[PDB]
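A.B. asks: Handing you a structure now.
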Amino acid sequence: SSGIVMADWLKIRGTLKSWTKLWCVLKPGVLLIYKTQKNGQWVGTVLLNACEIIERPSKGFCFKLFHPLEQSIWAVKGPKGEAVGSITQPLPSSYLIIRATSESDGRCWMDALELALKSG
């Protein structure tokens with residue numbers, strides 16, 4: 001009933017190239033990012049509807065979510081009404097660079113992300 005298409009750890013490159021491991025959940029039209037896997041501290045929600053996706057060779061496997069018009073990709077409000085995201089390494093306003101453990105995992109995420117873009 002959840003509507004959760006995918007959930008797994010992904011590494012997200014900050015502006016500070018710290019590659020933090022964060023818990024990521026995919027629901028139609030949104031990617032929800034958390035510090036921890038269960039009942040986690042919300043960091044941000046990416047509005048996939050405003051986004052396009054491109055592959056980024058080469059290390060594992062990296063892909064980039066970006067706003068084609070260089071605008072903000074981020075939800076104003078948390079899934080639970082949260083005003084502000086949990087503090088993390090600084091992240092870009094208009095794009096996100098993401099890494100997955102395996103090529104197969106990465107391709108799955110990416111394909112799933114593609115469908116998710118125009119739904120919700």
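Residues in the structure tokens are numbered from 1 in each chain, the chains being A, B, ... in the order shown, and ligands are numbered from 1 in the order shown.
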Which residues, written as a PyMOL selection string, have at least one atom at most 8 Å from residue 120 in chain A, with only C-alpha atoms counted and residues fewer than 4 positions away on the same chain left out?
C.D. replies: chain A and resi 28-30+116
A.B. asks: Tell me, as JSON, numbers by chain, which residues lie within 7 Å of range 45-53 of chain A, counting only C-alpha atoms; anything in the same chain fewer than 6 positions away does not count.
C.D. replies: {"A": [29, 30, 31, 32, 33, 64, 65, 66, 67, 68, 73, 74, 75, 116, 117, 118]}
A.B. asks: List as a PDB file with N, CA and C atoms, in the first residue's frame the protein and nucleic acid residues near residue 5 in chain A, meaning an atom at most 10 Å away when only C-alpha atoms are counted, but skip any in the same chain fewer than 4 places from it.
C.D. replies:
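Okay, out_26.pdb is ready:
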ATOM      1  N   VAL A  25      14.407   6.582  -0.766  1.00  0.00           N
ATOM      2  CA  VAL A  25      13.151   5.922  -1.057  1.00  0.00           C
ATOM      3  C   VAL A  25      12.457   6.536  -2.263  1.00  0.00           C
ATOM      4  N   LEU A  26      12.055   5.701  -3.206  1.00  0.00           N
ATOM      5  CA  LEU A  26      11.437   6.197  -4.416  1.00  0.00           C
ATOM      6  C   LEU A  26       9.924   5.974  -4.416  1.00  0.00           C
ATOM      7  N   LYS A  27       9.187   7.060  -4.551  1.00  0.00           N
ATOM      8  CA  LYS A  27       7.744   7.017  -4.645  1.00  0.00           C
ATOM      9  C   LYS A  27       7.411   7.814  -5.880  1.00  0.00           C
ATOM     10  N   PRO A  28       6.258   7.593  -6.482  1.00  0.00           N
ATOM     11  CA  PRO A  28       6.039   8.239  -7.768  1.00  0.00           C
ATOM     12  C   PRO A  28       6.185   9.750  -7.639  1.00  0.00           C
ATOM     13  N   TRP A 109      18.036   1.591 -10.620  1.00  0.00           N
ATOM     14  CA  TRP A 109      17.607   2.837 -10.029  1.00  0.00           C
ATOM     15  C   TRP A 109      17.266   3.792 -11.107  1.00  0.00           C
ATOM     16  N   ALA A 112      14.093   2.970 -13.003  1.00  0.00           N
ATOM     17  CA  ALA A 112      12.979   3.246 -12.109  1.00  0.00           C
ATOM     18  C   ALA A 112      12.779   4.743 -11.964  1.00  0.00           C
ATOM     19  N   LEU A 113      13.878   5.473 -11.887  1.00  0.00           N
ATOM     20  CA  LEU A 113      13.805   6.920 -11.777  1.00  0.00           C
ATOM     21  C   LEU A 113      13.155   7.519 -13.016  1.00  0.00           C
ATOM     22  N   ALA A 116       9.426   7.209 -12.862  1.00  0.00           N
ATOM     23  CA  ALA A 116       8.942   7.989 -11.740  1.00  0.00           C
ATOM     24  C   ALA A 116       8.865   9.471 -12.058  1.00  0.00           C
TER      25      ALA A 116
END
A.B. asks: Would you please give, as JSON, numbers by chain, all residues of chain A that DSSP assigns to strand (DSSP E) based on the backbone?
C.D. replies: {"A": [6, 7, 8, 9, 10, 11, 12, 13, 20, 21, 22, 23, 24, 25, 26, 27, 30, 31, 32, 33, 34, 42, 43, 44, 45, 46, 47, 52, 53, 54, 55, 61, 62, 63, 64, 65, 66, 95, 96, 97, 98, 99, 100]}
A.B. asks: With only C-alpha atoms as the basis for distance, which of A:23, A:34, A:63, A:42 is at the shortest distance from residue 99 in chain A?
C.D. replies: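 Using only C-alpha atoms, the shortest distance to residue 99 in chain A belongs to A:63.
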